[PDB]
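[1] The data below comprise the sequence and an experimental structure of the protein.
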Amino acid sequence: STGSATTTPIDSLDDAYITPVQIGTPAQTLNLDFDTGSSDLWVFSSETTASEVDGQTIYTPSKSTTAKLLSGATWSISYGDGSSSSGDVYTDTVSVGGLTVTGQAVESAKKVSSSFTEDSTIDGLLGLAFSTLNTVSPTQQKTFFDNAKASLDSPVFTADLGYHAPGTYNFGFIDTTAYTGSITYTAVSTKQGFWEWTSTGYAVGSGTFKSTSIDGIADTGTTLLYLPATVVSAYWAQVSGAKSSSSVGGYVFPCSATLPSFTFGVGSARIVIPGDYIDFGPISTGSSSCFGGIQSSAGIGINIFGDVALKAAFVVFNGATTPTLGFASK
Ligand SMILES: CNCc1ccc(Oc2cccnc2)o1
């Protein structure tokens, strides 16, 4: 089997991407944030504290003839941006782009933090990291990909995120029309539960490429590109007036600037992020200071190849017996 679903930016900045997901019988369609950096499929629901729901579509398990309470199971998660959610667990039929999993754990939120409430466009998350990170207790649950894998034509999924435009998540096949050139595959460590890999270096604009190993994770659920302070300083030094602002929380730059590109290495290959992908717009409405899309990972403890980087590539998440990651230009 295979599946194919369109993923759409939530706003004009590409702050996140949402993909429609069918849950239950009859189908209830929710728009979920597919997150290769976490491993829980959780949704706003009829159980979510009412004051914490503000425009989201909810899953109502009592209206699904295939829903079953997973008795005694609870979940609780917190993300790198400080947000969190928790609740109880059902199993139900879940379909993505025509690919169906029966008995998928659907984690129903009883509580969500303020930034979830405030994001009316995101009805929940669909985790695509390794199932060892799943938070369900006392019986840990598998991701949608893990459950689907044996039925897929090939044990892969691909992320093809758009810049200010829709894109695609495919399961079970590689669309050879969706990229240019060849796909370069690189090793993955699953020891931390992430799609963790090592980039071979970087370049700023037209500058010479610096060969240096940068360990990090491929994370569709993180908006920006978080890299070591040395790398980030070298980038922003090329932008007149850019500076790190403690009050804003990162590098800012004049909105009047045209930004240089940023290149990252994948083995001997190179992925070029155009400068415009690095502009996240005014820090506050009407400001002429703009927020940068490349930020320091110092104090995160890991480098993160988030959407800024991934949307410059066609990315293969290869879940074969030894997982790997592939990147192609597009
Ligand atoms: C804006 N915070 C709530 C929210 C929306 C989407 C996500 O999910 C995230 C956020 C950061 C990293 N990984 C997943 O959180």
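    That came in fine, so what should we check first? Residues are numbered from 1 along each chain as shown.
[2] which parts of the host helix or strand of residue 185 are buried?
    When secondary structure is defined by DSSP states H and E, residue 185 falls within strand 184-187. With burial defined by 16 or more other C-beta atoms under 10 Å, the residues of strand 184-187 counted as buried are 184, 185, 186. For the C-beta atoms, the positions are set from N, CA and C on the backbone; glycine is no exception.
[3] send the alpha carbons of stretch 295-314 over as PDB?
    Once side chains and other backbone atoms are set aside, the C-alpha atoms of stretch 295-314 remain, and they are given as PDB (Å, rounded to 0.1, in the frame of the first residue of the first chain):
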ATOM      1  CA  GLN A 295      19.100  30.600  15.200                       C
ATOM      2  CA  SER A 296      21.600  29.200  17.800                       C
ATOM      3  CA  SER A 297      21.000  25.800  19.200                       C
ATOM      4  CA  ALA A 298      23.100  26.700  22.300                       C
ATOM      5  CA  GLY A 299      21.100  25.700  25.300                       C
ATOM      6  CA  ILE A 300      18.900  23.300  23.400                       C
ATOM      7  CA  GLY A 301      21.400  20.500  23.600                       C
ATOM      8  CA  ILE A 302      20.900  19.400  20.000                       C
ATOM      9  CA  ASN A 303      21.000  20.900  16.500                       C
ATOM     10  CA  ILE A 304      17.700  20.900  14.700                       C
ATOM     11  CA  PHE A 305      17.200  20.800  10.900                       C
ATOM     12  CA  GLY A 306      13.600  22.200  11.100                       C
ATOM     13  CA  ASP A 307      11.300  23.400   8.300                       C
ATOM     14  CA  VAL A 308      13.600  26.200   7.100                       C
ATOM     15  CA  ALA A 309      16.200  23.500   6.100                       C
ATOM     16  CA  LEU A 310      13.800  20.600   5.200                       C
ATOM     17  CA  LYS A 311      11.600  22.700   2.800                       C
ATOM     18  CA  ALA A 312      14.700  23.300   0.600                       C
ATOM     19  CA  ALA A 313      14.900  19.600   0.000                       C
ATOM     20  CA  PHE A 314      13.000  16.400  -0.900                       C
END
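[4] which bits of the stretch 201-330 of the chain sit near the ligand?
    For the stretch 201-330 of the chain, the residues found near the ligand under the criterion C-beta under 6 Å from any ligand atom are 221, 222.
[5] how about the helices in the stretch 1-150 of the chain?
    According to DSSP state H, counting those that start in this stretch, the stretch 1-150 of the chain carries its helices in the segments 114-117, 144-148.
[6] Let me have those helices in a markdown table, extended by distance to the ligand.
    A markdown table is the format used below for the helices of the stretch 1-150 of the chain (distance: least, C-beta to the nearest ligand atom, whole Å):
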| stretch | distance to the ligand |
| --- | --- |
| helix 114-117 | 4 |
| helix 144-148 | 16 |
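[7] Go through the ones you listed and pick out the most buried.
    Of all these, helix 144-148 has the most neighbours on average by mean count of other C-beta atoms under 10 Å, namely a mean of 23.
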